[PDB]
Amino acid sequence: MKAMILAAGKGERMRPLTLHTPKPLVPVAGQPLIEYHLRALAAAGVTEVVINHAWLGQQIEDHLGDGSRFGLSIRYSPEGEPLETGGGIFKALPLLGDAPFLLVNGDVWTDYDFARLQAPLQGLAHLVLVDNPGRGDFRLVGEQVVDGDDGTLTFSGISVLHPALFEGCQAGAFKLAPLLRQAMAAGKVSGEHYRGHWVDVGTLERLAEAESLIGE
Ligand SMILES: CC(=O)N[C@H]1[C@@H](OP(=O)(O)O)O[C@H](CO)[C@@H](O)[C@@H]1O[C@H](C)C(=O)O
């Protein structure tokens, strides 16, 4: 299937790095964060990728271009207003079309093997969950994801989404989580618990951890 990489974040918590460099282009062990995803996606057999952007967006396009160096075809979804994760995905849906797509949070660094998500999957959404880095986000019972409360897990920012998840939505800014929680209540969200390496690189301290973990 196709993949979307979320890359529109302003990365205020990573200043001053993100003053002239958008977060997805920040180097982790010599390589831009987002290029780990592109190489892994290409290795997993993905050939078409959509990348949304806002803050310093044109630098992302200039650096990556059409993606041919990665064996990929990249299309961009520019945002001129903050749309959040849900609104950003919605704006990009015409580029993704009607079929389920892989969704990856650009800020994440992870070992996770994207080719795993090509296996037969469950629901309007299939979420990869990780140990809390914390009250967590969600709970996993067997393969079914439910809302968190008391052994909770954290959403990794890695998932497969069905465009139908967004049926009825209106253009504009809105968050993804509330939509997932609405699908969970309908029993349409499956998931899995990944126990390997995963870091949400939102701060210089997270950058370091990723650096350290990549040292193995
Ligand atoms: C959309 C998404 O990937 N949300 C995840 C992302 O959020 P981020 O830190 O990038 O803002 O990483 C967090 C863990 O660090 C999760 O709790 C987030 O999922 C929760 C459900 C959320 O969106 O509120």
# chains A, B, ... in the order shown; residues from 1 in each chain; ligands from 1
>>> residues_near_ligand(ligand="ligand 1", cutoff="7 Å", atoms="only C-alpha atoms and all ligand atoms", output="PyMOL selection string")
chain A and resi 85+105+107+136-137+154-158+176-177+200+202
>>> write_last_selection(atoms="C-alpha atoms", output="PDB file, in the first residue's frame")
ATOM      1  CA  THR A  85      -2.649  15.285  12.757  1.00  0.00           C
ATOM      2  CA  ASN A 105       4.860   9.893  12.630  1.00  0.00           C
ATOM      3  CA  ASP A 107       9.345  12.354  14.564  1.00  0.00           C
ATOM      4  CA  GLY A 136      -0.162   5.668  28.510  1.00  0.00           C
ATOM      5  CA  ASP A 137      -2.825   6.101  25.817  1.00  0.00           C
ATOM      6  CA  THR A 154       1.441   4.213  24.303  1.00  0.00           C
ATOM      7  CA  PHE A 155       0.557   4.814  20.657  1.00  0.00           C
ATOM      8  CA  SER A 156       3.794   4.532  18.666  1.00  0.00           C
ATOM      9  CA  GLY A 157       2.691   6.835  15.862  1.00  0.00           C
ATOM     10  CA  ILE A 158       2.841   3.818  13.550  1.00  0.00           C
ATOM     11  CA  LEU A 176      -6.396  12.142  15.265  1.00  0.00           C
ATOM     12  CA  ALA A 177      -6.707  10.533  18.716  1.00  0.00           C
ATOM     13  CA  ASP A 200       9.534   9.810  19.882  1.00  0.00           C
ATOM     14  CA  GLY A 202      10.569  15.593  20.325  1.00  0.00           C
TER      15      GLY A 202
END
>>> residues_around(residues="region 1-5 of chain A", least_positions_apart="4", cutoff="6 Å", atoms="only C-alpha atoms", output="VMD selection string")
chain A and resid 48 to 51 101 to 106
>>> write_last_selection(atoms="N, CA, C and O atoms", output="mmCIF file, in the first residue's frame")
data_model
loop_
_atom_site.group_PDB
_atom_site.id
_atom_site.type_symbol
_atom_site.label_atom_id
_atom_site.label_comp_id
_atom_site.auth_asym_id
_atom_site.auth_seq_id
_atom_site.Cartn_x
_atom_site.Cartn_y
_atom_site.Cartn_z
ATOM 1 N N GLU A 48 5.044 4.388 -2.989
ATOM 2 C CA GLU A 48 4.406 5.700 -3.071
ATOM 3 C C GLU A 48 4.174 6.287 -1.694
ATOM 4 O O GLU A 48 3.548 5.652 -0.847
ATOM 5 N N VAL A 49 4.689 7.498 -1.474
ATOM 6 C CA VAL A 49 4.677 8.124 -0.152
ATOM 7 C C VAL A 49 4.129 9.534 -0.247
ATOM 8 O O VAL A 49 4.461 10.265 -1.166
ATOM 9 N N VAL A 50 3.300 9.905 0.724
ATOM 10 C CA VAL A 50 2.801 11.265 0.829
ATOM 11 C C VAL A 50 3.389 11.883 2.087
ATOM 12 O O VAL A 50 3.401 11.262 3.164
ATOM 13 N N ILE A 51 3.899 13.100 1.955
ATOM 14 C CA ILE A 51 4.471 13.777 3.098
ATOM 15 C C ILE A 51 3.784 15.122 3.264
ATOM 16 O O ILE A 51 3.756 15.927 2.338
ATOM 17 N N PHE A 101 -3.815 2.874 4.178
ATOM 18 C CA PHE A 101 -2.441 3.327 4.029
ATOM 19 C C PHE A 101 -1.676 3.228 5.336
ATOM 20 O O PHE A 101 -2.248 3.254 6.425
ATOM 21 N N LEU A 102 -0.360 3.139 5.211
ATOM 22 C CA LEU A 102 0.521 3.118 6.348
ATOM 23 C C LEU A 102 0.702 4.565 6.831
ATOM 24 O O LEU A 102 0.957 5.449 6.025
ATOM 25 N N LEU A 103 0.546 4.808 8.121
ATOM 26 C CA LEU A 103 0.738 6.161 8.652
ATOM 27 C C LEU A 103 1.896 6.184 9.631
ATOM 28 O O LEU A 103 1.897 5.452 10.605
ATOM 29 N N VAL A 104 2.868 7.061 9.384
ATOM 30 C CA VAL A 104 4.063 7.087 10.219
ATOM 31 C C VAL A 104 4.346 8.506 10.687
ATOM 32 O O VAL A 104 4.465 9.421 9.893
ATOM 33 N N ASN A 105 4.461 8.650 11.996
ATOM 34 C CA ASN A 105 4.860 9.893 12.630
ATOM 35 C C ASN A 105 6.341 10.155 12.336
ATOM 36 O O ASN A 105 7.199 9.393 12.797
ATOM 37 N N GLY A 106 6.627 11.188 11.549
ATOM 38 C CA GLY A 106 7.976 11.490 11.106
ATOM 39 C C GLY A 106 8.977 11.651 12.240
ATOM 40 O O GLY A 106 10.164 11.387 12.054
#
>>> residues_around(residues="residue 23 (chain A)", least_positions_apart="3", cutoff="7 Å", atoms="only C-alpha atoms", output="VMD selection string")
chain A and resid 11 18 26
>>> write_last_selection(atoms="N, CA, C and O atoms", output="mmCIF file, in the first residue's frame")
data_model
loop_
_atom_site.group_PDB
_atom_site.id
_atom_site.type_symbol
_atom_site.label_atom_id
_atom_site.label_comp_id
_atom_site.auth_asym_id
_atom_site.auth_seq_id
_atom_site.Cartn_x
_atom_site.Cartn_y
_atom_site.Cartn_z
ATOM 1 N N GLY A 11 8.171 21.589 15.967
ATOM 2 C CA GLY A 11 9.266 21.172 16.831
ATOM 3 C C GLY A 11 9.801 22.253 17.753
ATOM 4 O O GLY A 11 11.020 22.436 17.881
ATOM 5 N N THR A 18 15.463 23.548 15.455
ATOM 6 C CA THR A 18 14.376 23.706 14.513
ATOM 7 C C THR A 18 14.129 25.157 14.100
ATOM 8 O O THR A 18 13.081 25.477 13.528
ATOM 9 N N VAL A 26 16.280 16.814 10.882
ATOM 10 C CA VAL A 26 17.314 16.800 11.924
ATOM 11 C C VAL A 26 18.072 15.482 11.885
ATOM 12 O O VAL A 26 17.456 14.422 11.812
#
>>> residues_around(residues="residue 183 (chain A)", least_positions_apart="3", cutoff="9 Å", atoms="only C-alpha atoms", output="mmCIF file with N, CA and C atoms, in the first residue's frame")
data_model
loop_
_atom_site.group_PDB
_atom_site.id
_atom_site.type_symbol
_atom_site.label_atom_id
_atom_site.label_comp_id
_atom_site.auth_asym_id
_atom_site.auth_seq_id
_atom_site.Cartn_x
_atom_site.Cartn_y
_atom_site.Cartn_z
ATOM 1 N N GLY A 123 -9.866 -4.015 11.079
ATOM 2 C CA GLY A 123 -10.633 -2.807 11.397
ATOM 3 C C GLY A 123 -10.624 -1.561 10.503
ATOM 4 N N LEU A 124 -10.928 -0.423 11.112
ATOM 5 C CA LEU A 124 -10.771 0.869 10.444
ATOM 6 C C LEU A 124 -9.353 1.358 10.661
ATOM 7 N N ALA A 125 -8.669 0.698 11.586
ATOM 8 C CA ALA A 125 -7.326 1.106 11.975
ATOM 9 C C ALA A 125 -6.631 -0.055 12.681
ATOM 10 N N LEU A 165 -12.225 5.898 7.874
ATOM 11 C CA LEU A 165 -12.111 6.459 9.217
ATOM 12 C C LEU A 165 -12.496 7.941 9.246
ATOM 13 N N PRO A 178 -8.912 11.564 19.067
ATOM 14 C CA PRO A 178 -10.365 11.517 19.286
ATOM 15 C C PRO A 178 -11.116 10.689 18.249
ATOM 16 N N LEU A 179 -10.594 10.624 17.031
ATOM 17 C CA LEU A 179 -11.223 9.822 15.986
ATOM 18 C C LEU A 179 -10.968 8.349 16.231
ATOM 19 N N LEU A 180 -9.733 8.014 16.585
ATOM 20 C CA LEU A 180 -9.399 6.628 16.897
ATOM 21 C C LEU A 180 -10.253 6.161 18.067
ATOM 22 N N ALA A 186 -16.487 1.568 18.707
ATOM 23 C CA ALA A 186 -17.302 0.800 17.774
ATOM 24 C C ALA A 186 -16.694 -0.569 17.520
ATOM 25 N N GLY A 187 -15.553 -0.835 18.152
ATOM 26 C CA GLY A 187 -14.862 -2.104 18.004
ATOM 27 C C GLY A 187 -14.190 -2.284 16.655
ATOM 28 N N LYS A 188 -13.720 -1.189 16.066
ATOM 29 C CA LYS A 188 -13.149 -1.247 14.729
ATOM 30 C C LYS A 188 -11.647 -0.968 14.719
ATOM 31 N N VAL A 189 -10.993 -1.110 15.872
ATOM 32 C CA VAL A 189 -9.570 -0.793 15.976
ATOM 33 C C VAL A 189 -8.806 -1.975 16.567
#
>>> select_by_dssp(residues="region 6-203 of chain A", states="alpha helix (DSSP H)", output="ChimeraX atom specification")
/A:33-43,57-64,84-96,177-185
>>> write_last_selection(atoms="N, CA and C atoms", output="compact mmCIF listing (two decimals), in the first residue's frame")
# COMPACT_ATOMS: atom_id res chain seq x y z
N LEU A 33 16.26 12.29 10.29
CA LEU A 33 15.23 11.47 10.87
C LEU A 33 14.31 10.83 9.85
N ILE A 34 13.81 11.64 8.92
CA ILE A 34 12.78 11.17 8.02
C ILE A 34 13.36 10.18 7.01
N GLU A 35 14.68 10.21 6.80
CA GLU A 35 15.28 9.34 5.80
C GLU A 35 15.37 7.90 6.30
N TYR A 36 15.31 7.70 7.61
CA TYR A 36 15.21 6.34 8.14
C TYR A 36 13.90 5.73 7.67
N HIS A 37 12.82 6.52 7.73
CA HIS A 37 11.50 6.04 7.34
C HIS A 37 11.46 5.73 5.84
N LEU A 38 12.02 6.63 5.05
CA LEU A 38 12.00 6.46 3.60
C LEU A 38 12.75 5.19 3.20
N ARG A 39 13.93 4.97 3.78
CA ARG A 39 14.69 3.76 3.48
C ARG A 39 13.93 2.52 3.96
N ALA A 40 13.37 2.59 5.17
CA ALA A 40 12.65 1.43 5.69
C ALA A 40 11.39 1.16 4.88
N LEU A 41 10.68 2.21 4.49
CA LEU A 41 9.46 2.05 3.71
C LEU A 41 9.81 1.42 2.37
N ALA A 42 10.86 1.93 1.73
CA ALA A 42 11.29 1.39 0.44
C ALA A 42 11.69 -0.07 0.61
N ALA A 43 12.39 -0.40 1.69
CA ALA A 43 12.80 -1.78 1.92
C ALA A 43 11.60 -2.70 2.15
N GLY A 57 8.41 24.02 5.41
CA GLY A 57 8.01 22.91 4.57
C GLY A 57 8.81 22.80 3.28
N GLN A 58 9.06 23.94 2.63
CA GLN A 58 9.70 23.85 1.33
C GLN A 58 11.11 23.27 1.44
N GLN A 59 11.76 23.40 2.59
CA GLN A 59 13.08 22.77 2.77
C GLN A 59 12.99 21.26 2.70
N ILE A 60 11.90 20.70 3.23
CA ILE A 60 11.66 19.26 3.14
C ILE A 60 11.56 18.82 1.69
N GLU A 61 10.75 19.53 0.90
CA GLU A 61 10.60 19.22 -0.52
C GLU A 61 11.91 19.37 -1.27
N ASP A 62 12.66 20.42 -0.96
CA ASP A 62 13.93 20.65 -1.65
C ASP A 62 14.92 19.51 -1.36
N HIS A 63 14.94 19.05 -0.12
CA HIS A 63 15.91 18.03 0.28
C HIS A 63 15.58 16.66 -0.30
N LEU A 64 14.30 16.31 -0.29
CA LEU A 64 13.86 14.97 -0.68
C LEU A 64 13.46 14.86 -2.14
N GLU A 84 -3.21 20.05 12.46
CA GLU A 84 -3.09 18.97 13.44
C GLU A 84 -2.92 17.66 12.70
N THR A 85 -2.86 16.55 13.43
CA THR A 85 -2.65 15.28 12.76
C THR A 85 -3.86 14.85 11.94
N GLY A 86 -5.05 14.96 12.51
CA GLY A 86 -6.24 14.46 11.83
C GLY A 86 -6.58 15.30 10.61
N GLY A 87 -6.52 16.62 10.78
CA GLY A 87 -6.81 17.53 9.70
C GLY A 87 -5.80 17.42 8.58
N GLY A 88 -4.55 17.15 8.96
CA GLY A 88 -3.48 17.00 7.99
C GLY A 88 -3.67 15.74 7.16
N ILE A 89 -3.99 14.63 7.81
CA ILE A 89 -4.28 13.41 7.07
C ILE A 89 -5.47 13.62 6.13
N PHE A 90 -6.54 14.20 6.66
CA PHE A 90 -7.71 14.49 5.84
C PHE A 90 -7.37 15.31 4.59
N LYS A 91 -6.53 16.34 4.73
CA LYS A 91 -6.19 17.18 3.58
C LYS A 91 -5.45 16.39 2.51
N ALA A 92 -4.69 15.39 2.95
CA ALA A 92 -3.86 14.58 2.06
C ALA A 92 -4.59 13.37 1.46
N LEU A 93 -5.82 13.12 1.90
CA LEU A 93 -6.53 11.92 1.44
C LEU A 93 -6.68 11.84 -0.09
N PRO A 94 -6.95 12.97 -0.78
CA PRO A 94 -7.03 12.85 -2.24
C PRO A 94 -5.74 12.30 -2.88
N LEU A 95 -4.59 12.49 -2.24
CA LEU A 95 -3.32 11.95 -2.74
C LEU A 95 -3.17 10.47 -2.39
N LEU A 96 -3.85 10.04 -1.34
CA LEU A 96 -3.76 8.66 -0.87
C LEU A 96 -4.78 7.75 -1.55
N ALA A 177 -6.38 11.42 17.59
CA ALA A 177 -6.71 10.53 18.72
C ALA A 177 -8.21 10.42 18.98
N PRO A 178 -8.91 11.56 19.07
CA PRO A 178 -10.36 11.52 19.29
C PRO A 178 -11.12 10.69 18.25
N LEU A 179 -10.59 10.62 17.03
CA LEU A 179 -11.22 9.82 15.99
C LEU A 179 -10.97 8.35 16.23
N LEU A 180 -9.73 8.01 16.58
CA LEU A 180 -9.40 6.63 16.90
C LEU A 180 -10.25 6.16 18.07
N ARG A 181 -10.44 7.02 19.06
CA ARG A 181 -11.18 6.61 20.25
C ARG A 181 -12.63 6.39 19.90
N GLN A 182 -13.11 7.06 18.86
CA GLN A 182 -14.48 6.86 18.42
C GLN A 182 -14.60 5.53 17.67
N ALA A 183 -13.57 5.14 16.92
CA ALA A 183 -13.55 3.84 16.25
C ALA A 183 -13.42 2.70 17.27
N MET A 184 -12.56 2.88 18.27
CA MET A 184 -12.41 1.88 19.35
C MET A 184 -13.74 1.57 20.02
N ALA A 185 -14.56 2.60 20.23
CA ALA A 185 -15.85 2.40 20.89
C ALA A 185 -16.77 1.58 20.00
>>> closest_residue(among="A:32, A:120, A:168, A:80", to="residue 108 (chain A)", atoms="only C-alpha atoms")
A:32
>>> select_by_dssp(residues="chain A", states="strand (DSSP E)", output="count of residues only")
58
>>> atom_distance(atom1="CA of residue 14 (chain A)", atom2="CA of residue 79 (chain A)")
20.7 Å
>>> closest_residue(among="A:117, A:45, A:8, A:83", to="residue 175 (chain A)", atoms="only C-alpha atoms")
A:83
>>> atom_distance(atom1="CA of residue 53 (chain A)", atom2="CA of residue 153 (chain A)")
27.9 Å
>>> residues_around(residues="residue 140 (chain A)", least_positions_apart="5", cutoff="9 Å", atoms="only C-alpha atoms", output="list in words")
residues 129, 145, 146, 147, 148, 151, 152, 153, 190, 191, 192 and 193 of chain A
>>> closest_residue(among="A:132, A:31, A:52, A:68", to="residue 195 (chain A)", atoms="only C-alpha atoms")
A:132
>>> atom_distance(atom1="CA of residue 54 (chain A)", atom2="CA of residue 138 (chain A)")
28.5 Å
>>> closest_residue(among="A:214, A:121, A:171, A:160", to="residue 199 (chain A)", atoms="only C-alpha atoms")
A:214
>>> residues_around(residues="residue 22 (chain A)", least_positions_apart="5", cutoff="7 Å", atoms="only C-alpha atoms", output="count of residues only")
3
